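Coming up is one lone chain in structure tokens, specifically the form deposited in one PDB entry.
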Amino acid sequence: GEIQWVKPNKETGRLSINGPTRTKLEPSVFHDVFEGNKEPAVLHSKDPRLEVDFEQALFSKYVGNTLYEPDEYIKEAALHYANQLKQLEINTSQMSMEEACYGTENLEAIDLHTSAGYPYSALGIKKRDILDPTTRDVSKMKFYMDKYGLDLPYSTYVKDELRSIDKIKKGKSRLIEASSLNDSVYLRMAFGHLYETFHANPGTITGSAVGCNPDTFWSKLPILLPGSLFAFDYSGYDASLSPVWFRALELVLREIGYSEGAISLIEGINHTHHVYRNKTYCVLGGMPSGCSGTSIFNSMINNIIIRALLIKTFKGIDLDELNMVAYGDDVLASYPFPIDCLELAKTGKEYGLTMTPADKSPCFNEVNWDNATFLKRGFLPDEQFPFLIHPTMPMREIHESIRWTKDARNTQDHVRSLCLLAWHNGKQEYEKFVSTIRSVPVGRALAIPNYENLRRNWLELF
């Protein structure tokens, strides 16, 4: 992706969003009980921890666009993926406005907590004002759809979250780029059934893990990905995608039966306008980031990418023998025999993608189940029931999180949350964690879940 121009809102007539942008994160009662070193991300240009220009650090993610037009490899990759999806029988007919807004069994209601985007956030109009789950009324949504139209700018703001110290000095905060509610509804009307089938079918047919429940999905992965694993970390995947990947996605959507009306919506994600503070700017390439409404298309594009890199790097590679699941930039894949990840990463570089095998430096200790990572979690076979796989969030992450809170009233819920994640690391790790919570009088007053009970509830899921 690449920014084309930047203009003040005075010029473009776009509505600004306000200040103040101080963090809501504060040191919790555990900040000094547990160890970590992340702090709240930089939120504003005059933050005292900044060592660089903020605005320019924020937009440096846009590394440019390499290709605009699918070559033969990308073309072949798109076809393979699209053929594979045919077995799912995705319903390409429009989804009703009611279902797009309010949900079906395989699609969640538009979240009534997050902002409604442009112009609603700037006008003070909330989702709550438009949408009622008790009524499932769409007449008010239609009213605002007619009022503001489609294809609105992406109201863009800095994510309030913990970051490494290096990310803070270097101003590398992350942005949330919210589409207008109007455009989410219309996108969801166009591709809602596809979203339903992807949520219902996490796995290797869809090539997708979006919406999965790691508690149970982890046990399936070793079966769905036999042979030898490969996996990378992208740097700045979303923003590094050039328009070519959007063209390839269109090829996939066309191959599986989409009308040109539906398909033309992709260009509105490839070429977008953003309003950040009081400037508006045009981005070409790059998946808009921070939702959710974008996860499936990032994941689909990743299935295309991996395929294209595979056939362009290695001759006579058989794509039928590839197994992969993707969740946004995050990918876990396997092939009948080892793959030179370094050579993949150099092909990636040709397409403007930055890739690094997840490890130290540089490449692949095979990457097998003991050190594999997906959605941040490792893979730990149960001690008693090895066919059951625990998803393990590293305690280091849990340690970072507990030390901060956005609301002091939430100590109980925040701690229970972390315990639900921690016990998967084993009895001994869990007990050490609980005992540290309990080294402090507030900790002792909390309701903390019992290990073997947590485990028995987990066994019931199988």
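The first residue of the shown sequence is 1; numbering continues from there. In this text, the rigid core denotes the largest set of C-alpha atoms whose superposition between the two forms falls within 1.5 Å. Only residues modelled in both forms are compared.
Checked against the record, the higher mean CA B factor of 156-164 and 316-324 lies with 316-324.
Taking the mean C-alpha B-factor of each stretch as recorded, 177-185 and 329-337 are not equal, and the higher mean is that of 329-337. By the numbers in the PDB entry, the CA B factor is greatest at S259 among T206, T280, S259, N302. Which of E105, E267, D238, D215 has the largest Cα B-factor in the deposited entry comes down to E105.
Annotation for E400: C-alpha temperature factor in the lowest third relative to the rest of the modelled chain, per the entry. In the deposited entry, the Cα temperature factor of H273 places it in the lowest third of its chain's modelled residues.
Among the modelled residues of the chain, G290 sits in the highest third by CA temperature factor in this PDB entry. Ranked by Cα temperature factor within the chain, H414 sits in the lowest third according to the deposited record. When the modelled residues of the chain are ordered by their C-alpha B factor, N425 lands in the lowest third.
The same protein also exists as the form deposited in another entry; that form is not shown, yet it is the one meant from here on.
When both forms sit on the same rigid core, the CA shifts between this form and the one not shown reach 2 angstroms or more only at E366 out of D71, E366, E321, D382. Superposed on the core, the two forms barely differ at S235: its CA moves less than 2 Å between this form and the one not shown.
With the core held fixed, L112 shows a CA shift below 2 Å between this form and the one not shown.
After superposition on the rigid core, displacement of the C-alpha of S292 between this form and the one not shown amounts to 2 Å or more.
Relative to this form, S292 and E400 separate from one another in the other entry, with their C-alpha atoms ending up at least 3 Å farther apart. In summary, the C-alpha positions of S164 and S292 diverge in the other entry, ending up at least 3 angstroms farther from each other than in this conformation. Core-superposed comparison between this form and the one not shown: runs of at least three consecutive shared residues with Cα shifts of 2 Å or more are located at 19-21, 290-293, 359-366.
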